[PDB]
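Structure 1 and structure 2, given next as structure tokens, are two forms of the same protein chain, each shown alone.
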Structure 1
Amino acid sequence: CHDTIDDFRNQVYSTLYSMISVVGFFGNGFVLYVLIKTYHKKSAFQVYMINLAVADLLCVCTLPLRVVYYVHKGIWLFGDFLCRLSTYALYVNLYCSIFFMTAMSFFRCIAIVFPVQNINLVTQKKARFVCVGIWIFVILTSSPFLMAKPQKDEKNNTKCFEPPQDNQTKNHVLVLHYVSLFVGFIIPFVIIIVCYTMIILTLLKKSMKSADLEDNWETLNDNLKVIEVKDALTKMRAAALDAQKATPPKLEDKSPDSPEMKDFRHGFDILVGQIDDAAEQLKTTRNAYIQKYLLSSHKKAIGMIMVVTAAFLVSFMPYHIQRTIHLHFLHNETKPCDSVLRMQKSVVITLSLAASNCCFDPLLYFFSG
């Protein structure tokens, strides 16, 4: 037994931070470029996207300093201020990203679940105020990391990013860990679980209703081919009334009494009259009063669900489980080297995974933008 982790720590950190810095800087730099140079009006999603991009760039610009530290066999050479600023920067990026993803999911939920006054309840103006609130809250609550005591080794060398290794146990660090775990990870994660449950159930209801509208449109076209005659008519009439009751995907957000909805409902009314009269005359109505009405908002919601869920399971969750395990391990009487090694290797991996959160945000823009 010895400090066998020291070479592993410096090898894995140098590789992963170097990779996260390059992928993170170019990915979010590109996303920021594309969003800044926008001509069409900014969405609530775009407000959250710009803020995620900035929170990611703020942190990727500090990661090259972490790289220089581990390349130097754990010797800090930039002073106290830059050590406290590099530590603070990671926690600010991590908790800002958790809050922006939560706020984005919450907004998209109210948009999907409640399309009546959705465009007035979940506005770009509202997104801007929430983000400011998120920045102030995170910047203030994370400040103790800026006013922490400097770390020095046996040989009086300046250290940075040191974990409570062994017997460095404190009860109020454990109380701060729990408030942070609940407010900063468990409450945001529960809101996402609930919101995503509501979106998925809503998406099934709308997907099944659009299959019936696709089924009535299929029967109208099929019985038209059955003519080229009393049986085909009795079948098209029951379906044309059924299709009239259904709402098309194109006019899903608009009101039921809207003049856009009235036109589609009247189109089936003119077609029902032509059906009772009876083939090339009713084929004209289905190509002028109903062809236009018979969804992307559904694809952007699925894209968001997949990237954000992965970001929570892969990046945010292992760090928060490991921090709970680690802090309690310090309070335990017995500490063998075979357990202290596997604990320290996990700190290296779960922190690298937490820092890799900036790599998920360009993917959120491709799949949900």
Structure 2
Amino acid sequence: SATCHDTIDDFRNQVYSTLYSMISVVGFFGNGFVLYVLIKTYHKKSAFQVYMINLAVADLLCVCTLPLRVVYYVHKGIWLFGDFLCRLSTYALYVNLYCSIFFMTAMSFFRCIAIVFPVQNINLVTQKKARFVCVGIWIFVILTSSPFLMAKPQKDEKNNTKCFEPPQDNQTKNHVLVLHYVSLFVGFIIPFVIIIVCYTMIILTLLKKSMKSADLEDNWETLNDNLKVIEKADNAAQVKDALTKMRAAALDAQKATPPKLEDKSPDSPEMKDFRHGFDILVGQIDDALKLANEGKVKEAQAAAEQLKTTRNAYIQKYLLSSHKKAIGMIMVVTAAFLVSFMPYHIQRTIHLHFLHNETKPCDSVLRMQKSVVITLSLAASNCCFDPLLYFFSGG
């Protein structure tokens, strides 16, 4: 099988060396810039900022171990470093991968509560709660990825020191299969379901809030448009027609919530004054109608300008960015889950089932060894997804 192994080795060494090199550069210069900004911007403390520091740290710790993988594949697949470094480099990539998944999961759940429940949400109170979730993730990942720090050393047919190889003996094949099933369910399927559930709730909340904001702008546009009709009208019939259209628009806008009061309680003084503003405006429309019905067409135009002062002193101060930053967070994490994490966990499942099988011909082994090169490189590319999270989300 010496000819069979060397065939895939040509692809394996070329692709891994080229991809890990750019992933090391883009990862270091990307996350390094992200961490530099977050440290300088200490005055503005957010739950999103807590997850961004932790994501960059987990990436920097991984990109520092990635050039050791470059040296390995450049040197025709021979490990020039120590046995501990082979164990630590393999450990670092898994730690980073599952830290990234759990941090992006917790970030999605914390943003979901901030969007669905904006009244009970407190920016600095959730920040302290996010710090406890981060250490809870770190302690879990470090202790669960520990069997790889005490793993058996990998050797070739000519006793050559090898690294990042599939399990050799049947005992190691069993020890990693037990870890695979746990890390597939707890470390991928469940956090993926959480992201699918969280994002369904977020888009639904935003789709409703944007629609209600569109109706509020439509009612305020007609209120200003019909006010221009009254001053331009010559007869009372045109004035009375616009006032009935204005009264209907003023009642609709009174029920709807403005974007500046999304974080405020429906019984708060801010929401009570907004409703009271339209209560005076409706009364002023009816007072103008009472004069328009009397035949006083000119005198009704003065009352239409009298309610314009009420609009400026009660409804103007109430009539955002949170929607844009949430949408950006959805895209980046979804792209990271479909490109980085999903092909890795899919291929790994197919790979371990193949290794346990008795019949394994050269052509079939060639596909599995080529597929893992692609998926593991994409799994390692998760460090390139996090700098984009800063640029497209949470300010």
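For residue numbers, the reference is structure 1: its sequence is counted from 1. Under this definition, the rigid core comprises the largest set of C-alpha atoms superposing within 1.5 Å between the forms.
Superposed on the rigid core, the two forms differ between the two structures by 2 Å or more at the C-alpha of one listed residue only; from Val173, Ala148, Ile136, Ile187 that residue is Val173.
A movement of the C-alpha atom of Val92 falling short of 2 angstroms is seen between the two structures when the two forms are aligned on their rigid core. Once both forms are overlaid on the rigid core, the distance between the two CA positions of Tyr289 between the two structures is 2 angstroms or more. The two forms, fitted on the rigid core, differ between the two structures by less than 2 Å at the CA of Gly74. Core superposition places the Cα of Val122 6.4 Å apart between the two structures. When the core is overlaid, the C-alpha of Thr102 ends up 0.3 Å from its other position between the two structures. With the core fitted, the CA of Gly267 sits 2.9 Å away from its counterpart between the two structures.
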